[PDB]
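Peer 1: Let me start by giving you these chains from the complex, positioned as in the assembled structure:
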Amino acid sequence: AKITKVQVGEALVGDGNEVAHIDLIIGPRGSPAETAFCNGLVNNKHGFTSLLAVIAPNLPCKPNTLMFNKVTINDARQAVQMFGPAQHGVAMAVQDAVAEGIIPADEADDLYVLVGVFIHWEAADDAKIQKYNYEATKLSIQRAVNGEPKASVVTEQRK
Amino acid sequence: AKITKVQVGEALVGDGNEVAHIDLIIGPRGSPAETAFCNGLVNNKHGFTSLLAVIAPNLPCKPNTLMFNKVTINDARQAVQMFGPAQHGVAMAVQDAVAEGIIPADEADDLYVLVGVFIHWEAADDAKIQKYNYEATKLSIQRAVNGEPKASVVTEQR
Amino acid sequence: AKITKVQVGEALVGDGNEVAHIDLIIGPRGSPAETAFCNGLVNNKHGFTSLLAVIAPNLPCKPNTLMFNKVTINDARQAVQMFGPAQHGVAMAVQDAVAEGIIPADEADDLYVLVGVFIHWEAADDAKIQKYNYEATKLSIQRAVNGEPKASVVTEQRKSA
Amino acid sequence: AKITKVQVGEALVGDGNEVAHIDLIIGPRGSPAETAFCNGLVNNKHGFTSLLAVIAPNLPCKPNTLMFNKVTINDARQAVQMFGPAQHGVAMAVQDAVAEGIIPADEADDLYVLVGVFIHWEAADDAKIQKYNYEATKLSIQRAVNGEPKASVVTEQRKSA
């Protein structure tokens, strides 16, 4: 609950070739999350795309979510995994976070989410790609919104 | 004014290989839509271009519109589609949105529209490319200007 | 006219293979025109360059002008067309716009001009490349500073006057 | 706070093919380090990646750190090097700087670190790769935070090699 500035979250969930790694940023209007969202939607290159995540055709998740790949997409199969299972899991995770109140419903129309997904070339099981990305995204959102892991917590784990 | 902050719209219209998916951003002077517009016109890479959309030679649509592709343009054919039917449909959608009261005419000279078009490699029918991008762009503008869909609506419909 | 905010202009001028299409943005210090100018000079890639336009060696045009290609530069022939005739045409147009008062002389040191140049692979006549890019840039500057075409005008002619 | 503006640090540490060269920027929320962090995480290309540095799985270092390679990653081994020892050395350095108070712990949740890593393709000793990046990062962080070297100091030494 309550997001008044940029927050970063990250998670690794799953196993095998479909394991899902997610880097995430969320922030309000007027912040760098908003400018990076706009620039990120406009700037694409060979192998590296970005899209406005939707949970169903003509139904984008809210808050506005820009999803982009961190592992290069070199053929139709990798693209399909990105736009099908992975997009669906990320989008569902964002909307469920609003449904559950992790992202407050009254801020949801004024926030931006940036989601970097890592889908291995070896991934093949769509049901797992979808599920693991859904879980890694939901986890990254809760960690980002609650500011975790806290500095001191991580500090006292290196010494 | 009606459009006082950055808004994002999206739509998927059509069928077959010419189906049009549009990602759209609209915003006023002083907003990130303006900065994204300037950076986007300046930064291009092989296969990924951007241009100031026009209705006809020497007749840009207003509000100022930056159209850019989201599917790599690998050959001349795709490029002719981008610059021909797709650009015409996008530009017509923007001007028609002003005409239909979707974008207030008194704000037109002070807004920026960013339109990401997705033209499949298999797309081949020019008339459909134009028509569907026109329809998906206009619907994306309509939605963005009104903040649609609202989070509660998506949450509910989820 | 006086330039206190970001203005956008464009023009298509000429015929044959050397036809020039210019997309242009002009703006003051503190505006996104300035930030895109700085990032644009810094960020280059294979086949896509940007340069600080000059009218002569060691003599850039003012206001500061960042020119960048829209068509991939695949060989020396195209790099020379970009750096030779197109650059000279663009730079001359900016400077002439200042000499003519279109860009006021008392603002020229505080503006930034971003110019996207589209040179078709078929272009071959250098005098025409230079001429048409000079004209299209001059025309784009005039349209940008005067805010032309006004939305009301384009709306009335969207179907054609 | 102690780190109230953007600071830049750099360091070259180690020997051999594992020698580590680190370019580093650190700064608070609202500064260009935050904007460059968000953009840098979002914008990747063939051979040039960026990642949120972690000391362990599901355990990112704090302050938030964006690590990116300066040498094109063309094969799988360069990637393992980048993601394995390099990342680990960098991430440890950042946490240790917080532990030692170089980066105050009461602001570690409000700063961003940008770390550019250079790894020659001839590097092979994961053990060195990791220690040199750890040391180069740690040095780069204290140099940035303390504003070293001062301009006056560099000016004095600009001639004596």
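Peer 2: Arrived safely. Residues are numbered from 1 along each chain as shown, chains lettered A, B, ... in the order given.
Peer 1: What's the separation between residue A:45 and residue B:39?
Peer 2: 14 Å (C-beta to C-beta, to the nearest Å). Any C-beta I mention is one placed from the backbone N, CA and C, and that applies to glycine too.
Peer 1: Have a look at those two and say which one is more surrounded.
Peer 2: The neighbour comparison of residue A:45 against residue B:39 (other C-beta atoms under 10 Å in any protein chain shown) goes to residue B:39, with 24 against 19.
Peer 1: quick one: which helix or strand includes the more buried one?
Peer 2: Residue B:39 is part of helix B:32-42 when elements are defined by DSSP states H and E.
Peer 1: Tell me the first helix or strand C-terminal of that helix.
Peer 2: Scanning forward in sequence from helix B:32-42 by DSSP H and E, the next helix or strand is strand B:50-52.
Peer 1: Distance from the helix or strand that that next one is followed by to the middle of the chain?
Peer 2: Sequence-wise, the next helix or strand downstream of strand B:50-52 (DSSP H and E) is strand B:54-56. Relative to its chain's centre, strand B:54-56 lies at 14 Å (C-alpha atoms, centre = their mean, to the nearest Å).
Peer 1: Given strand B:54-56, what are its sheet partners and their directions?
Peer 2: Partners of strand B:54-56 in the sheet, by DSSP bridges, are strand B:59-60 (antiparallel).
Peer 1: Not counting its own residues, what contacts the partner strand?
Peer 2: With contacts defined as C-beta atoms under 8 Å, 6 or more residues apart in numbering or on different chains, strand B:59-60 is touched by B:52-54, B:91, C:8, C:10, C:149, C:154, C:157.
Peer 1: Among the residues you listed, which pair sits farthest apart?
Peer 2: Within the contacts of strand B:59-60, two members stand farthest from each other by C-beta to C-beta: C:8 and C:157, at 18.3 Å.
Peer 1: coming back round to it: now the helix holding residue B:39: how far from the chain's centre is it?
Peer 2: The chain centre lies 14 Å from the centre of helix B:32-42; the measure is C-alpha atoms, centre = their mean.
Peer 1: Say whether chain A is contacted by it.
Peer 2: Yes - contact of helix B:32-42 with chain A is found when judged by C-beta under 8 Å from any C-beta of the partner chain, involving B:32-33, B:35-36, B:39-40.
Peer 1: which residue is nearest the centroid of chain A?
Peer 2: In chain A, the C-alpha nearest the mean C-alpha coordinate belongs to residue A:115, at 3.0 Å (C-alpha atoms, centre = their mean).
Peer 1: How about chain A: which residue is closest to chain C?
Peer 2: residue A:45 (8.5 Å; C-beta to the nearest C-beta).
Peer 1: That residue pairs with what?
Peer 2: Residues in a beta bridge with residue A:45, per DSSP bridges, are residue A:48.
Peer 1: here's chain E, drop it on:
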Amino acid sequence: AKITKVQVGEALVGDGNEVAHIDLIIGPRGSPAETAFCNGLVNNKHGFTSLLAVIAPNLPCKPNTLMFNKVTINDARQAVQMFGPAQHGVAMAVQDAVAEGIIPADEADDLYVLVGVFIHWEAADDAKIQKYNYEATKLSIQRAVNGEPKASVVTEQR
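Peer 2: Putting chain E together with the chains above:
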């Protein structure tokens, strides 16, 4: 202070294959020079690098300087010219500008310099690469810091 806003400089110095062309931006904290410096350090790609210029190992010139290439670096020989003689010339130019009073010593820790270099791949004499880049860089800093050429001056020479 003397450098209180973003300034742009350029110069062409030398002859043969080692001729040096420099495009340059300099500016204070809080200016777009600072933001372009940070973005430019982060964003690199195949053939196009950026680095924090140093006079010697562990000795960066000050003001903080981001040097980047404008000509594609395709092989190890071009990379060595970039990181070796060109970098040394650029870094010495920045430090000498401070020593010669071109950049105020008391502003040196608060400025950012962005230097774009154009090394022809045919360039072969390292001493000339270093000398011409040093000369073009110092001249570009001198021009930028003083706003030269002034528009009236270029207009008169045109």
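Peer 1: Remind me what the helix holding residue B:39 packs against, helices and strands.
Peer 2: helix A:32-42, strand B:20-28, strand B:50-52, strand B:64-69, strand B:111-118, strand C:20-28, helix C:32-42, strand C:111-118 (3 or more C-beta pairs under 8 Å, 6 or more residues apart in numbering or on different chains; DSSP states H and E).
Peer 1: So what touches the fourth one?
Peer 2: With contact meaning C-beta under 8 Å, 6+ apart, strand B:64-69 is reached by A:42, A:44, B:37, B:40-41, B:48-53, B:82, B:86-87, B:90-91, B:94, B:111-119, C:8.
Peer 1: And the residue of chain A closest to chain E?
Peer 2: Proximity of chain A to chain E (C-beta to the nearest C-beta) peaks at residue A:45, 8.5 Å away.
Peer 1: Export stretch A:100-117 to CSV, keeping only CA atoms.
Peer 2: The C-alpha trace of stretch A:100-117 is given here as CSV (Å, rounded to 0.1, in the frame of the first residue of the first chain):
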residue,chain,number,x,y,z
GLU,A,100,-5.5,-7.7,-3.1
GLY,A,101,-4.7,-4.1,-2.2
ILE,A,102,-0.8,-4.4,-2.4
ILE,A,103,-1.0,-1.6,-5.0
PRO,A,104,-3.9,0.5,-3.6
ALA,A,105,-6.9,0.7,-5.9
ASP,A,106,-7.0,4.5,-5.5
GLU,A,107,-3.4,5.0,-6.8
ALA,A,108,-3.6,2.4,-9.5
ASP,A,109,-4.6,4.9,-12.3
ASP,A,110,-1.5,7.1,-11.5
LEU,A,111,1.3,4.5,-11.2
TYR,A,112,3.7,3.0,-13.8
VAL,A,113,5.2,-0.5,-13.6
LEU,A,114,8.4,-1.5,-15.5
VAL,A,115,8.9,-5.3,-15.8
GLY,A,116,12.0,-6.9,-17.1
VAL,A,117,11.6,-10.6,-17.8
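Peer 1: if you skip the residues just before and after it, what's nearest to the residue nearest to the centre of chain A?
Peer 2: Excluding the flanking residues, the one nearest residue A:115 by C-beta to C-beta, 6 or more residues apart in numbering or on different chains is residue A:67, at 4.6 Å.
Peer 1: Check residue A:47 too.
Peer 2: Using C-beta to C-beta, 6+ apart, the closest residue to residue A:47 is residue A:72 (4.0 Å).
Peer 1: For the one you found, give me the backbone phi and psi.
Peer 2: Here is the backbone geometry of residue A:72 (degrees, to the nearest 10): phi -50, psi 140.
Peer 1: how close does it get to chain B?
Peer 2: Taking C-beta to the nearest C-beta, to the nearest Å as the measure, residue A:72 falls 13 Å from chain B.
Peer 1: Same check on residue A:75?
Peer 2: Counting by C-beta to the nearest C-beta, the gap from residue A:75 to chain B is 12 Å.
Peer 1: swap in residue A:117?
Peer 2: Distance, residue A:117 to chain B, using C-beta to the nearest C-beta: 17 Å.
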